[PDB]
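Trainee: One structure coming up, written as structure tokens, with questions to follow.
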Amino acid sequence: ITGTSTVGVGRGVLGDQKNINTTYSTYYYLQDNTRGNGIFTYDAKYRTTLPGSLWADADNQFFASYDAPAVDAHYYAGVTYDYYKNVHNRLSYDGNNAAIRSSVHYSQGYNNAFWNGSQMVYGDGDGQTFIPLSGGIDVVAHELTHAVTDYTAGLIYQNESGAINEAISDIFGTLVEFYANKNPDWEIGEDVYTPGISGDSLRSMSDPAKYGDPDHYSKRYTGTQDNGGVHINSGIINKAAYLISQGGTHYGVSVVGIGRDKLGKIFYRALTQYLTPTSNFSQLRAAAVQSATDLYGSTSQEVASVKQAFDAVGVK
Ligand SMILES: [Ca+2]
Ligand SMILES: [Ca+2]
Ligand SMILES: [Ca+2]
Ligand SMILES: [Ca+2]
Ligand SMILES: [Zn+2]
């Protein structure tokens, strides 16, 4: 809508207060005009029809419990936009400042979130497996990163290509969590998963096998479930990424860590420059080595650590 940019205040899913960019025209709308062509947040009103209604509020104060998921979807999308701009010089998900749209209150008891090819969508959870999903910054950044991947490498959501697609979203979701920092960790979804149980998460990058996910190529899932294991086999790549950043010894192979900032640079370059829609794990390794080479030289410690990491998870 057309109007005057302003700033409102509200409370997110976890009860934390924050300022959000809104737009005023009779009502106050969740429309942030300060970032690219805008960040827009919609109410799906417990239906599955999308996008729903651009979120309108009478007084620019967002403290109702119904408001919480919208506040966080809207705010964390802004933080994710800032991460890509300030760190990777990328303007929105398409590189030309596309508007970012999210809908919350999707369906009833919906225990997931997703990028649907055009926008992000967030369920409220059923209140025991998940609380509203936009309350996790790693979840928001994971979904938005699917948009980035779709406009760059275009990794097919199937088999090894799909597992790389998912891993990339976990890696950047985590890097964005550390950017905002934020109680950052190497777990996925801990803030919104099982409000009844502390210390757990949906997936672990530091120890995928903690939740039954493979951490070595020999343990990859080869069946047909989950589009050929896209959320399962991502564990192999997440572990490699964790090792490149933080270092460690995994199955007898030692990796010297090079830290998060270089991990992000190497993987962003691999994604935007070298990966294609049908890339497999072995092609990922080649892309990552070539990226590190491009950036730090063929005899760098950085290239050596990338090679070490993939050797350790059994990817040749
Ligand atoms: Ca209000
Ligand atoms: Ca965390
Ligand atoms: Ca996390
Ligand atoms: Ca939990
Ligand atoms: Zn995903």
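Chain labels follow the order of the structure tokens: the first chain is A, the next B, and so on; residue numbering restarts at 1 in every chain, and ligands are counted from 1 in their shown order.
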List all protein, DNA and RNA residues that have any atom at most 7 Å from ligand 2, counting only C-alpha atoms and all ligand atoms, and write the list as a ChimeraX atom specification.
Mentor: /A:177,182-185,187,190-191
Trainee: Go ahead and dump the residues you just picked, N, CA and C atoms, as a short mmCIF file (atom, residue, chain, number, x, y, z; two decimals), in the first residue's frame.
Mentor:
```
data_model
loop_
_atom_site.label_atom_id
_atom_site.label_comp_id
_atom_site.auth_asym_id
_atom_site.auth_seq_id
_atom_site.Cartn_x
_atom_site.Cartn_y
_atom_site.Cartn_z
N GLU A 177 21.69 -16.74 12.24
CA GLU A 177 21.50 -16.78 13.69
C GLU A 177 22.70 -16.21 14.44
N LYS A 182 22.01 -13.23 20.03
CA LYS A 182 20.98 -14.21 19.57
C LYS A 182 21.00 -15.65 20.18
N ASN A 183 21.85 -15.91 21.17
CA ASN A 183 22.11 -17.30 21.61
C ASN A 183 22.40 -18.23 20.44
N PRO A 184 23.41 -17.92 19.65
CA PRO A 184 23.59 -18.75 18.45
C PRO A 184 24.10 -20.12 18.80
N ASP A 185 23.75 -21.11 17.99
CA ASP A 185 24.31 -22.45 18.12
C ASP A 185 24.32 -23.10 16.74
N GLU A 187 22.51 -25.82 16.10
CA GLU A 187 21.29 -26.63 16.06
C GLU A 187 20.26 -25.93 15.18
N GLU A 190 15.78 -25.03 17.48
CA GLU A 190 15.69 -25.23 18.92
C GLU A 190 14.72 -24.26 19.61
N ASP A 191 14.56 -23.06 19.07
CA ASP A 191 13.73 -22.04 19.75
C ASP A 191 12.23 -22.32 19.66
#
```
Trainee: Which residues are close to residue A:254, i.e. within 12 Å by only C-alpha atoms, leaving aside same-chain residues fewer than 3 positions away? Reply as a PyMOL selection string.
Mentor: chain A and resi 240+243-244+246-251+257+304-313
Trainee: Given the selection you just returned, output its residues as a file containing N, CA, C and O atoms, formatted as a PDB file, in the first residue's frame.
Mentor:
```
ATOM      1  N   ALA A 240      30.025 -31.583   7.458  1.00  0.00           N
ATOM      2  CA  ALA A 240      31.187 -31.050   6.760  1.00  0.00           C
ATOM      3  C   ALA A 240      31.357 -29.560   6.990  1.00  0.00           C
ATOM      4  O   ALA A 240      32.475 -29.072   7.203  1.00  0.00           O
ATOM      5  N   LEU A 243      32.512 -28.812  10.465  1.00  0.00           N
ATOM      6  CA  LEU A 243      33.939 -29.099  10.624  1.00  0.00           C
ATOM      7  C   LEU A 243      34.818 -28.010   9.989  1.00  0.00           C
ATOM      8  O   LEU A 243      35.806 -27.584  10.582  1.00  0.00           O
ATOM      9  N   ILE A 244      34.454 -27.545   8.799  1.00  0.00           N
ATOM     10  CA  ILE A 244      35.213 -26.471   8.142  1.00  0.00           C
ATOM     11  C   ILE A 244      35.297 -25.248   9.027  1.00  0.00           C
ATOM     12  O   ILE A 244      36.338 -24.580   9.087  1.00  0.00           O
ATOM     13  N   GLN A 246      34.559 -24.987  12.548  1.00  0.00           N
ATOM     14  CA  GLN A 246      34.874 -25.126  13.961  1.00  0.00           C
ATOM     15  C   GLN A 246      36.031 -26.099  14.166  1.00  0.00           C
ATOM     16  O   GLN A 246      36.618 -26.144  15.236  1.00  0.00           O
ATOM     17  N   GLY A 247      36.345 -26.889  13.150  1.00  0.00           N
ATOM     18  CA  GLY A 247      37.403 -27.879  13.283  1.00  0.00           C
ATOM     19  C   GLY A 247      36.971 -29.118  14.052  1.00  0.00           C
ATOM     20  O   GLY A 247      35.885 -29.161  14.622  1.00  0.00           O
ATOM     21  N   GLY A 248      37.820 -30.145  14.072  1.00  0.00           N
ATOM     22  CA  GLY A 248      37.522 -31.315  14.866  1.00  0.00           C
ATOM     23  C   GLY A 248      38.060 -32.572  14.232  1.00  0.00           C
ATOM     24  O   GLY A 248      38.523 -32.553  13.089  1.00  0.00           O
ATOM     25  N   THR A 249      37.973 -33.677  14.969  1.00  0.00           N
ATOM     26  CA  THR A 249      38.324 -34.987  14.423  1.00  0.00           C
ATOM     27  C   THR A 249      37.062 -35.847  14.310  1.00  0.00           C
ATOM     28  O   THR A 249      36.292 -36.008  15.259  1.00  0.00           O
ATOM     29  N   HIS A 250      36.808 -36.344  13.112  1.00  0.00           N
ATOM     30  CA  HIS A 250      35.553 -37.045  12.848  1.00  0.00           C
ATOM     31  C   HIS A 250      35.946 -38.285  12.083  1.00  0.00           C
ATOM     32  O   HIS A 250      36.604 -38.181  11.040  1.00  0.00           O
ATOM     33  N   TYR A 251      35.593 -39.449  12.621  1.00  0.00           N
ATOM     34  CA  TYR A 251      36.018 -40.742  12.052  1.00  0.00           C
ATOM     35  C   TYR A 251      37.524 -40.805  11.745  1.00  0.00           C
ATOM     36  O   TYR A 251      37.947 -41.320  10.707  1.00  0.00           O
ATOM     37  N   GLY A 257      39.741 -25.867  11.878  1.00  0.00           N
ATOM     38  CA  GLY A 257      38.661 -24.932  11.610  1.00  0.00           C
ATOM     39  C   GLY A 257      39.179 -23.624  11.024  1.00  0.00           C
ATOM     40  O   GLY A 257      40.253 -23.177  11.409  1.00  0.00           O
ATOM     41  N   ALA A 304      42.891 -26.461   2.237  1.00  0.00           N
ATOM     42  CA  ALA A 304      43.251 -27.707   2.909  1.00  0.00           C
ATOM     43  C   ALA A 304      42.127 -28.143   3.854  1.00  0.00           C
ATOM     44  O   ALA A 304      41.753 -29.315   3.880  1.00  0.00           O
ATOM     45  N   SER A 305      41.584 -27.203   4.625  1.00  0.00           N
ATOM     46  CA  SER A 305      40.526 -27.537   5.577  1.00  0.00           C
ATOM     47  C   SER A 305      39.244 -27.990   4.884  1.00  0.00           C
ATOM     48  O   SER A 305      38.564 -28.874   5.404  1.00  0.00           O
ATOM     49  N   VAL A 306      38.906 -27.383   3.734  1.00  0.00           N
ATOM     50  CA  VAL A 306      37.753 -27.843   2.939  1.00  0.00           C
ATOM     51  C   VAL A 306      37.945 -29.305   2.481  1.00  0.00           C
ATOM     52  O   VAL A 306      37.025 -30.145   2.583  1.00  0.00           O
ATOM     53  N   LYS A 307      39.143 -29.622   2.003  1.00  0.00           N
ATOM     54  CA  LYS A 307      39.424 -30.985   1.579  1.00  0.00           C
ATOM     55  C   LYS A 307      39.315 -31.993   2.738  1.00  0.00           C
ATOM     56  O   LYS A 307      38.732 -33.058   2.582  1.00  0.00           O
ATOM     57  N   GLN A 308      39.913 -31.627   3.875  1.00  0.00           N
ATOM     58  CA  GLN A 308      39.881 -32.414   5.116  1.00  0.00           C
ATOM     59  C   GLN A 308      38.439 -32.754   5.521  1.00  0.00           C
ATOM     60  O   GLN A 308      38.110 -33.906   5.806  1.00  0.00           O
ATOM     61  N   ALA A 309      37.591 -31.727   5.529  1.00  0.00           N
ATOM     62  CA  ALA A 309      36.206 -31.821   5.991  1.00  0.00           C
ATOM     63  C   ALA A 309      35.413 -32.816   5.150  1.00  0.00           C
ATOM     64  O   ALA A 309      34.703 -33.665   5.680  1.00  0.00           O
ATOM     65  N   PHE A 310      35.518 -32.700   3.831  1.00  0.00           N
ATOM     66  CA  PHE A 310      34.819 -33.624   2.953  1.00  0.00           C
ATOM     67  C   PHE A 310      35.403 -35.040   3.042  1.00  0.00           C
ATOM     68  O   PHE A 310      34.644 -36.004   3.061  1.00  0.00           O
ATOM     69  N   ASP A 311      36.729 -35.172   3.128  1.00  0.00           N
ATOM     70  CA  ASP A 311      37.314 -36.493   3.414  1.00  0.00           C
ATOM     71  C   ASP A 311      36.691 -37.090   4.687  1.00  0.00           C
ATOM     72  O   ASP A 311      36.330 -38.251   4.721  1.00  0.00           O
ATOM     73  N   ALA A 312      36.558 -36.285   5.733  1.00  0.00           N
ATOM     74  CA  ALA A 312      36.066 -36.807   7.000  1.00  0.00           C
ATOM     75  C   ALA A 312      34.632 -37.321   6.931  1.00  0.00           C
ATOM     76  O   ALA A 312      34.311 -38.285   7.628  1.00  0.00           O
ATOM     77  N   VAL A 313      33.771 -36.703   6.115  1.00  0.00           N
ATOM     78  CA  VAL A 313      32.402 -37.217   5.938  1.00  0.00           C
ATOM     79  C   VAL A 313      32.320 -38.212   4.759  1.00  0.00           C
ATOM     80  O   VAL A 313      31.238 -38.681   4.374  1.00  0.00           O
TER      81      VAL A 313
END
```
Trainee: Around ligand 5, at most 9 Å away and counting only C-alpha atoms and all ligand atoms, which residues are there? Put them as a list in words, please.
Mentor: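 Counting only what the definition allows, namely only C-alpha atoms and all ligand atoms, the set is residues 113, 114, 115, 139, 142, 143, 145, 146, 165, 166, 167, 168, 169, 170, 230 and 231 of chain A.
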Trainee: Neighbouring residues of residue A:264 were defined as those with any atom within 8 Å, considering only C-alpha atoms; residues of the same chain fewer than 4 positions away were excluded. Please report them as a PDB file with N, CA and C atoms, in the first residue's frame.
Mentor:
```
ATOM      1  N   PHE A 172      23.212 -21.423   6.051  1.00  0.00           N
ATOM      2  CA  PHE A 172      22.930 -19.992   6.120  1.00  0.00           C
ATOM      3  C   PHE A 172      21.915 -19.631   7.216  1.00  0.00           C
ATOM      4  N   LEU A 175      24.266 -19.328  10.041  1.00  0.00           N
ATOM      5  CA  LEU A 175      25.113 -18.146   9.944  1.00  0.00           C
ATOM      6  C   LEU A 175      24.306 -16.894  10.226  1.00  0.00           C
ATOM      7  N   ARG A 260      33.557 -19.097  10.889  1.00  0.00           N
ATOM      8  CA  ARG A 260      32.244 -18.949  10.273  1.00  0.00           C
ATOM      9  C   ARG A 260      32.235 -18.033   9.082  1.00  0.00           C
ATOM     10  N   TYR A 268      28.843 -19.396  -0.171  1.00  0.00           N
ATOM     11  CA  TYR A 268      28.066 -18.471  -0.988  1.00  0.00           C
ATOM     12  C   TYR A 268      28.651 -18.455  -2.416  1.00  0.00           C
TER      13      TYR A 268
END
```
Trainee: Grab me every residue within 7 Å of ligand 4, counting only C-alpha atoms and all ligand atoms, and send it over as a PyMOL selection string.
Mentor: chain A and resi 190-201
Trainee: The selected residues should be written to file as a short mmCIF file (atom, residue, chain, number, x, y, z; two decimals), in the first residue's frame (atoms: N, CA and C atoms).
Mentor:
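Saved as part-v3.cif:
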```cif
data_model
loop_
_atom_site.label_atom_id
_atom_site.label_comp_id
_atom_site.auth_asym_id
_atom_site.auth_seq_id
_atom_site.Cartn_x
_atom_site.Cartn_y
_atom_site.Cartn_z
N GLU A 190 15.78 -25.03 17.48
CA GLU A 190 15.69 -25.23 18.92
C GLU A 190 14.72 -24.26 19.61
N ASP A 191 14.56 -23.06 19.07
CA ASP A 191 13.73 -22.04 19.75
C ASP A 191 12.23 -22.32 19.66
N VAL A 192 11.81 -23.12 18.68
CA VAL A 192 10.37 -23.31 18.43
C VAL A 192 9.96 -24.78 18.48
N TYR A 193 10.93 -25.66 18.63
CA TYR A 193 10.68 -27.10 18.66
C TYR A 193 10.36 -27.56 20.10
N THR A 194 9.31 -28.37 20.26
CA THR A 194 8.92 -28.98 21.54
C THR A 194 9.05 -28.07 22.75
N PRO A 195 8.13 -27.12 22.89
CA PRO A 195 8.18 -26.21 24.04
C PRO A 195 8.20 -26.98 25.38
N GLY A 196 7.73 -28.22 25.38
CA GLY A 196 7.77 -29.05 26.58
C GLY A 196 9.11 -29.67 26.97
N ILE A 197 10.13 -29.58 26.12
CA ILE A 197 11.38 -30.30 26.32
C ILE A 197 12.58 -29.39 26.06
N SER A 198 13.43 -29.15 27.06
CA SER A 198 14.55 -28.24 26.84
C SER A 198 15.77 -28.98 26.31
N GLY A 199 16.62 -28.25 25.60
CA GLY A 199 17.88 -28.78 25.11
C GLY A 199 17.89 -29.50 23.78
N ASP A 200 16.72 -29.73 23.18
CA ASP A 200 16.66 -30.48 21.92
C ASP A 200 16.43 -29.52 20.74
N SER A 201 16.34 -30.09 19.54
CA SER A 201 16.17 -29.32 18.31
C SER A 201 15.75 -30.30 17.24
#
```
Trainee: To test your reading of the structure, identify every residue in stretch 38-137 of chain A that backbone DSSP assigns to alpha helix (DSSP H), and report it as a ChimeraX atom specification.
Mentor: /A:68-88,137
Trainee: Write out as a list in words each polymer residue whose atoms come within 10 Å of residue A:207, counting only C-alpha atoms; drop sequence neighbours fewer than 2 positions from it.
Mentor: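 Those residues are residues 186, 187, 203, 204, 205, 209, 210, 211, 212, 213, 214, 215, 235, 236, 238, 239 and 242 of chain A.
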Trainee: Just to be explicit: take each residue in the selection above, keep N, CA and C atoms, and write the result as an mmCIF file, in the first residue's frame.
Mentor:
```
data_model
loop_
_atom_site.group_PDB
_atom_site.id
_atom_site.type_symbol
_atom_site.label_atom_id
_atom_site.label_comp_id
_atom_site.auth_asym_id
_atom_site.auth_seq_id
_atom_site.Cartn_x
_atom_site.Cartn_y
_atom_site.Cartn_z
ATOM 1 N N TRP A 186 24.700 -24.376 16.711
ATOM 2 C CA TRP A 186 24.768 -25.184 15.488
ATOM 3 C C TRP A 186 23.614 -26.185 15.453
ATOM 4 N N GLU A 187 22.510 -25.822 16.095
ATOM 5 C CA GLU A 187 21.293 -26.632 16.061
ATOM 6 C C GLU A 187 20.258 -25.927 15.183
ATOM 7 N N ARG A 203 17.229 -30.677 14.127
ATOM 8 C CA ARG A 203 18.406 -31.231 13.480
ATOM 9 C C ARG A 203 19.591 -30.640 14.195
ATOM 10 N N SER A 204 20.709 -31.366 14.190
ATOM 11 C CA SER A 204 21.973 -30.844 14.698
ATOM 12 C C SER A 204 23.007 -30.813 13.566
ATOM 13 N N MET A 205 23.721 -29.700 13.429
ATOM 14 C CA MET A 205 24.827 -29.662 12.484
ATOM 15 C C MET A 205 26.106 -30.189 13.134
ATOM 16 N N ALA A 209 23.905 -37.130 14.030
ATOM 17 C CA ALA A 209 23.494 -38.490 14.395
ATOM 18 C C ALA A 209 22.748 -38.507 15.726
ATOM 19 N N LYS A 210 22.897 -37.429 16.495
ATOM 20 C CA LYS A 210 22.122 -37.218 17.723
ATOM 21 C C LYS A 210 20.612 -37.460 17.465
ATOM 22 N N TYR A 211 20.104 -37.079 16.291
ATOM 23 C CA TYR A 211 18.685 -37.283 15.953
ATOM 24 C C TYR A 211 18.488 -38.322 14.853
ATOM 25 N N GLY A 212 19.465 -39.210 14.703
ATOM 26 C CA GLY A 212 19.387 -40.274 13.716
ATOM 27 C C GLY A 212 19.751 -39.930 12.275
ATOM 28 N N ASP A 213 20.281 -38.728 12.035
ATOM 29 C CA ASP A 213 20.704 -38.323 10.688
ATOM 30 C C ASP A 213 22.152 -38.774 10.376
ATOM 31 N N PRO A 214 22.432 -39.170 9.122
ATOM 32 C CA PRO A 214 23.794 -39.610 8.781
ATOM 33 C C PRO A 214 24.848 -38.516 8.935
ATOM 34 N N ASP A 215 26.050 -38.905 9.353
ATOM 35 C CA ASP A 215 27.153 -37.936 9.461
ATOM 36 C C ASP A 215 28.344 -38.445 8.665
ATOM 37 N N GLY A 235 22.450 -34.056 6.606
ATOM 38 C CA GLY A 235 23.322 -34.213 7.771
ATOM 39 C C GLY A 235 24.793 -34.335 7.403
ATOM 40 N N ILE A 236 25.049 -35.017 6.289
ATOM 41 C CA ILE A 236 26.420 -35.271 5.813
ATOM 42 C C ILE A 236 27.108 -33.961 5.454
ATOM 43 N N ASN A 238 25.936 -30.836 6.404
ATOM 44 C CA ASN A 238 25.936 -29.974 7.604
ATOM 45 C C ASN A 238 27.155 -30.286 8.490
ATOM 46 N N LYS A 239 27.455 -31.576 8.653
ATOM 47 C CA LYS A 239 28.620 -31.966 9.435
ATOM 48 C C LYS A 239 29.909 -31.449 8.773
ATOM 49 N N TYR A 242 30.061 -27.741 9.485
ATOM 50 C CA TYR A 242 30.440 -27.545 10.887
ATOM 51 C C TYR A 242 31.966 -27.759 11.070
#
```
Trainee: Around ligand 1, which protein and nucleic acid residues have at least one atom no more than 12 Å from it, if we count only C-alpha atoms and all ligand atoms? List them as an NGL selection string.
Mentor: :A and (8-11 or 22 or 27-30 or 55-68 or 70-71)
Trainee: Give me a file of those residues, with C-alpha atoms, as a short mmCIF file (atom, residue, chain, number, x, y, z; two decimals), in the first residue's frame.
Mentor:
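Writing done, so here's out.cif:
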```cif
data_model
loop_
_atom_site.label_atom_id
_atom_site.label_comp_id
_atom_site.auth_asym_id
_atom_site.auth_seq_id
_atom_site.Cartn_x
_atom_site.Cartn_y
_atom_site.Cartn_z
CA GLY A 8 5.94 0.30 15.67
CA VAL A 9 6.65 -2.00 18.57
CA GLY A 10 5.51 -5.44 19.54
CA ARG A 11 6.31 -8.72 21.18
CA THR A 22 5.52 -0.42 9.40
CA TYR A 27 -4.19 1.57 9.38
CA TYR A 28 -0.62 0.60 10.25
CA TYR A 29 0.52 -2.21 7.96
CA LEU A 30 3.34 -4.69 8.30
CA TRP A 55 -1.38 -7.35 8.05
CA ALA A 56 -3.29 -4.25 9.28
CA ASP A 57 -3.25 -2.91 12.83
CA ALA A 58 -5.11 0.06 14.35
CA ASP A 59 -2.48 1.56 16.69
CA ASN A 60 1.01 0.39 15.60
CA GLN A 61 1.39 -1.65 18.82
CA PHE A 62 1.67 -5.42 18.36
CA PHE A 63 1.34 -7.06 21.79
CA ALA A 64 -1.65 -9.38 21.21
CA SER A 65 -0.75 -13.06 21.24
CA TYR A 66 -2.30 -13.33 17.72
CA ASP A 67 0.29 -10.70 16.59
CA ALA A 68 3.39 -12.52 17.82
CA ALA A 70 3.68 -11.74 12.43
CA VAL A 71 6.07 -9.60 14.44
#
```
Trainee: Considering only C-alpha atoms, can you say which of A:6, A:103, A:108, A:290 comes closest to residue A:41?
Mentor: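 Of A:6, A:103, A:108, A:290, the one nearest residue A:41 is A:103, counting only C-alpha atoms.
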Trainee: Find, counting only C-alpha atoms, the residue in A:162, A:154, A:229, A:38 that gets nearest to residue A:275.
Mentor: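 Answer, going by the shortest atom-to-atom distance: A:154.
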Trainee: Work out how far atom CA of residue A:54 is from atom CA of residue A:42, in Å to one decimal.
Mentor: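 According to the coordinates, atom CA of residue A:42 and atom CA of residue A:54 are separated by 4.3 Å.
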Trainee: Can you list, as a list in words, all residues belonging to stretch 105-242 of chain A that DSSP tags as strand (DSSP E or B)?
Mentor: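 Everything in stretch 105-242 of chain A that counts as strand (DSSP E or B) is residues 105, 106, 113, 114, 115, 120, 121, 122, 123, 130, 187, 188, 193, 203 and 204 of chain A.
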Trainee: Taking only C-alpha atoms and all ligand atoms into account, which of A:179, A:24, A:296, A:40 comes nearest ligand 3?
Mentor: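 Using only C-alpha atoms and all ligand atoms, the shortest distance to ligand 3 belongs to A:179.
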